[PDB]
Amino acid sequence: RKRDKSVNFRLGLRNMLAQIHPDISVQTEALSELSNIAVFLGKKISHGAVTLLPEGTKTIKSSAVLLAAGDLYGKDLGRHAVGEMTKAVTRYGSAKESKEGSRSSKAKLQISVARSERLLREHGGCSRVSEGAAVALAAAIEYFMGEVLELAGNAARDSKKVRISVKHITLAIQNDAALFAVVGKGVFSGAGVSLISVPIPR
Amino acid sequence: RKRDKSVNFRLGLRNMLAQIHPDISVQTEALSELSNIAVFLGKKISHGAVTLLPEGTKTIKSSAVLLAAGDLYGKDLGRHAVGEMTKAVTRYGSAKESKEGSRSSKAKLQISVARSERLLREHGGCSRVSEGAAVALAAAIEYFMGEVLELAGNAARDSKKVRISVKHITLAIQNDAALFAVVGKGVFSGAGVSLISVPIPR
Amino acid sequence: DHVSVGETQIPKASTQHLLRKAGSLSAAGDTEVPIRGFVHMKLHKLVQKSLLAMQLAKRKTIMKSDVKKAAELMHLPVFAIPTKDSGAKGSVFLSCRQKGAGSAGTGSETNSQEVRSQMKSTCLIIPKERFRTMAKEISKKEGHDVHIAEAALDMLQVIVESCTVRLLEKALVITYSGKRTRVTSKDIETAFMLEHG
Amino acid sequence: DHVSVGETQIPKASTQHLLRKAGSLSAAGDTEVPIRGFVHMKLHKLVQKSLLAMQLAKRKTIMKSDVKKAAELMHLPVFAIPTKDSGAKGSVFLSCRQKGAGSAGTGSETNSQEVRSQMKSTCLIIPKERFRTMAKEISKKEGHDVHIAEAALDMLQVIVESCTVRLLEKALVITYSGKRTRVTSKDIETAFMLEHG
DNA sequence: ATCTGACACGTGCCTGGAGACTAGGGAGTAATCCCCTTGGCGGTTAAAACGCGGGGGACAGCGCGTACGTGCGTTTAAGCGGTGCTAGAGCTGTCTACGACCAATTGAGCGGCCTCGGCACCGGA
DNA sequence: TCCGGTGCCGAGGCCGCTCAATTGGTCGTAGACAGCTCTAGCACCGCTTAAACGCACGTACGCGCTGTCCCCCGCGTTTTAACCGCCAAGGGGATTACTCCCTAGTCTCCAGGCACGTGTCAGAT
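Residues numbered from 1 in each chain as written, not as in the entry; some residues may be left out. Chains lettered and ligands numbered in written order. Heavy atoms only, no water.

Listed as the method for this PDB entry is cryo-EM; the listed resolution is 3.89 Å.

Peer 1: Looking at this structure, I do not really get the overall build of chain C. What am I missing?
Peer 2: Assigned secondary structure in chain C consists of 7 helices and 2 strands. Tracing chain C from N to C terminus, the helices and strands come up as α-α-β-α-α-α-β-α-α. Against the 2.2 N^0.38 benchmark of 16 Å for 197 residues, chain C shows a C-alpha radius of gyration of 18 Å, consistent with a compact globule. Seen along its three principal axes, the alpha-carbon backbone of chain C occupies a region of about 60 × 35 × 30 Å. Each of the 197 residues in chain C was classed as buried or not, and the buried ones make up 50%. Residue pairs at least 24 apart in sequence account for 73% of intrachain contacts in chain C once pairs closer than 6 positions are excluded. As presented, chain C carries roughly 9,700 Å² of accessible surface, and 54% of it is formed by carbon and sulfur atoms. (Helix = DSSP H or I, 4+ residues; strand = E, 2+ residues; numbered from the N terminus. Rg over C-alpha atoms; globule rule 2.2 N^0.38 Å. Buried < 20%, exposed > 50% of the residue type's maximum accessible area, 1.4 Å probe, protein only. Contact = heavy atoms within 4.5 Å. Areas by Shrake-Rupley, 256 points an atom, 1.4 Å probe, with all protein chains shown as cover.)

Peer 1: Help me understand the interface of chain A and chain C in this model?
Peer 2: Interface size is commonly expressed as the accessible surface area that is lost when the partners come together. Taken residue by residue, the interface counts 25 residues in chain A and 21 residues in chain C. Taken together, both faces of the contact between chain A and chain C bury some 2,100 Å²; the carbon and sulfur share is 59%. Summed over the shared surface of chain A and chain C, the number is 15 residue pairs in polar contact. Sorting elements by how many residues they give to the side of chain A that touches chain C places helix α3 (residues 28-52) of chain A first, with 7 residues. (Buried area = accessible area lost by both parts, 1.4 Å probe. Polar contact = N/O pair within 3.5 Å; in protein donor to acceptor, adjacent residues only side chain to side chain.)

Peer 1: Would you mind going over the side chain of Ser-121 of chain D with me for this structure?
Peer 2: Among the structural elements, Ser-121 of chain D can be located in the loop between α4 (114-119) and α5 (128-141). Classification of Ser-121 of chain D by relative accessible area gives buried; the value is 7%. Each residue touching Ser-121 of chain D, except ones within four places of it in the same chain, is listed here: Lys-167 of chain B together with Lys-21, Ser-91 and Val-92 of chain D.

Peer 1: Just checking my understanding: could you explain the interface of chain D and chain B for this structure?
Peer 2: On the chain B side, the residues contacting the 21 residues of chain D number 26 residues. Of the roughly 2,000 Å² buried where chain D meets chain B, counting both sides, 59% is carbon and sulfur surface. Inspection of the chain D/chain B interface yields 0 salt bridges. Across the contact surface, chain D and chain B share 15 residue pairs in polar contact. Residue composition of the side of chain D that touches chain B, grouped by class: 10 nonpolar, 4 polar and 7 charged. (Salt bridge = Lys/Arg side-chain N within 4 Å of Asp/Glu carboxyl O. Nonpolar A, V, L, I, M, F, W, Y, C, P; charged D, E, K, R; others polar.)

Peer 1: Is there a simple way to think about the protein's contact with DNA strand F in this case?
Peer 2: Every one of the 70 residues lining DNA strand F counts as a neighbour, but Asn-8 and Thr-59 of chain A, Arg-20 and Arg-97 of chain C together with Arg-182 of chain D are closest to it. For DNA strand F, the fraction of atoms within 4 Å of the protein that belong to sugar or phosphate moieties is 95%. Residue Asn-15 of chain B places a side-chain N or O atom 3.5 Å away from a phosphate oxygen belonging to DNA strand F. Within the side chain of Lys-136 of chain D, one N or O atom sits 2.6 Å away from a phosphate oxygen of DNA strand F. Where the surface near DNA strand F is concerned, the elements lending two or more residues are α6 (112-122) of chain A, α1 (10-14) and α7 (131-158) of chain B, α5 (128-141) of chain C together with α1 (12-22), α5 and β2 (147-148) of chain D. Taken together, the residues of the surface near DNA strand F break down into 15 nonpolar, 19 polar and 36 charged. (Near = heavy atom within 4 Å.)

Peer 1: In this structure, what is going on with the nonpolar core? I would like to understand it.
Peer 2: Within soluble globular proteins, side chains that are nonpolar tend to cluster in buried spots. All names here are of chain A. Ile-45, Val-65, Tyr-73, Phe-144, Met-145, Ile-164 and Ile-169 are the most contacted members of the largest nonpolar core, which has 49 residues in total. Only α3, α4 (62-72), α5 (75-97), α6, α7 (131-158), α8 (166-175) and α9 (177-183) provide two or more residues apiece to this core. Take this core: its biggest share by element is 13 residues, from α7. The residues contacting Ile-169, other than those within four sequence positions of it, are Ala-30, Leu-34, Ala-152 and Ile-164. (Core = buried A, V, L, I, M, F, W, Y, C linked by side-chain atoms within 4.5 Å.)

Shown next, in the form of structure tokens:
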């Protein structure tokens, strides 16, 4: 009856999904899966960049989020991600100079352009937030989701499944150390194992 | 040259210290030790009560802090502490009805009566804070400090040392499981061990 | 030691089911009491946090958001289904452990079927209402006896089961470091000792 | 494995000093390279966090507050002395390990003197300027080569030493669970595996 | 029995803290509707509860294999002072760039309902 | 053992509501840059010495082997409630509606805390 309250994910997640994998679809439960993973990543990185880094009440900066992602993401993955972050910075510069701007969100591939202001500002570490930081978050979460989702879709094709299943996400995360170390700390459906390797007597 | 900036601890810590142990004195380094332990405890419990418990933007309540301490503190220690919390509530009720009030801090044994508003309000989980909650924090931190400090002074007497040493605090914390589980997670001078027991082949 | 043991504990078969789910090849006959104890312990901590939360909320029943904020207070990143979550039945059967098709009992790991079949199960493994009985009973013994929402209850299911699986995984790591196959209870207490201590 | 090994590493005697400080009764001859590696690793993480912090600060030198916020970003509750912190010399002597007074070498633990004497030392155990050389060298290899404050440097000392002691303590727990006395390197990597993995 | 130095104590200064008063909204309470929990009946069935064979798992005594613990001598540099340079750490100033806040606009997202085909089960080759 | 026929409920598709996201606008404000002061970090020297590293001896420690016994796991059968589905009921969850209590904002008063300097005993030898 009543309209929704939480952070908008559905379309944006299935948005850009086809370009990641056109043949492959999603499970609604897996969609909520990825949704809360995304908002968790937003919470953690927002908390880092905001609550931790700027001394005093200083504005939260795009560069702040940049560094936050760089540390939070893996060495190589963080390095690649931050370059992509600056790429998104340039893209949104082109957006803002454009009159069209964010009305069609100007290639801001995920709805993250909309969820970013939320995850930062109402994280309430401070009140003082640059929009560039929001674009940085959008890019960071969007790259992370793109990589994990692509791995998941590849797993689904490996399982020959039209729509993704949560086990595919599980396998993807446990497969990549980089993503796991970021988000595998969390809990989710099923056992949630790490699948320790080399079952050999030490 | 410039006057201090951080949270006031020195007098309040040595305040009420004599009634805990009159013969025994403090080390300045141990004094800063206990200071930051106190402000950490304030941070953690404030974060719990504020950031976690009240749904929505609801005021932070004295009862909120009460429950926060109850969980954060041990089973028995928390139960005793919360009763002491209500005792402090009654004491500050007597304070507020008194015109004298907090001008002499009316038996608010530690300076915690002054640091409490800081550790809550500028923790910035919200803006909406009842003063009763502040008194609750004052009591919680004050009981915790009283217990740990008394154990430390007893250790110093066991070491026959006029002024406390940091190793005494270490031994006190590792000695009491209740206090350790609260604060032993943190780091401090020296090795900071837990001293695992029963060195016997399992 | 230090194993809280209540007066209602989910069957031992469920415990070894959890064990093999985590990949435990074999467990000592004493491995099961402690794991019951510490699953009870995690449950107890979580329910205390959540219930004090709702008590702050001037509330009379636990809902999903309650245990949600409680768990992330426990510092666990948490979320579960509000519409249709995985239940119990739903699972790979116990008697279909035999394999006529691709016979089990070969080595590398020897069983090779039970563990795979059970791990490939989305469903929650603990019977729902036995767990509900634990929830109500603990809300008796400390909780001030309030109502429970099955949605919050089941997300609690997933939180506690996955957490204890992580525990058992650490325990298996311990055992292999101990260079032996079967897991012992002592292994589990050591795991928990490392976990918090 | 996965042991980062730089081109400047604090002497091995300091490593076994840390070991016995944590209460290591005895260590395999290979135990020391990995502990050097992972102390380097913790150092590297901390310095990266702090240095990127000060780089945000449009700053050119690390001060205490810098590594303070960096460490509590690492999620460690941290604080140290701004006026007069414990240094190095300051310590119980190495040659006074003998005890003419209360002779060592008796059992329960056998040494009974070195470990107690070293644990009862407030002072930092790693030589300050070797550590300073590591700090500067790493600020070379990644850090953009900026100045260091000895106060922040020494609070970094205490953070890293205590953290690695906690590591070694977990490792000793592991060893005893493995039912054997001397600690191995493999034990240390297992400890770190449990720590993050 | 002595010495170093940490600190207890004396002098001087002002910001941290408290109280009165107010604005005002944030909060608590109360009423109502029905949604959703809680309990109960009935049924199946499947898992809990349990034992036997066995075969492998765990380890006591023991030595195999060795290299680490202990102990001593030398060389390196660690500590620590001493001097000097200046980079730079912090504080204050101006100039303004930028992101809140208000209000209006647009169509994307999503609830709810209907369509159906991907997907599970099973018989034939 | 694999491939194709059988069948369903779940996923995709569609409609419509409205409010999320956007836009421009202003304000004022946070902050970024410039400039000054002088601390301390850094470099270098140089000395002391403690430590580190290298070298020796021996035996203590890892652990696997037989060899013992010794225990859960496979298989089974026996037992009852777990699940599930439906019905009843009402507790209470959310929502709207009404009232007033609470602290922040401001100012003012005040004192106990801050630094800085001098002599003495706490603690290590």
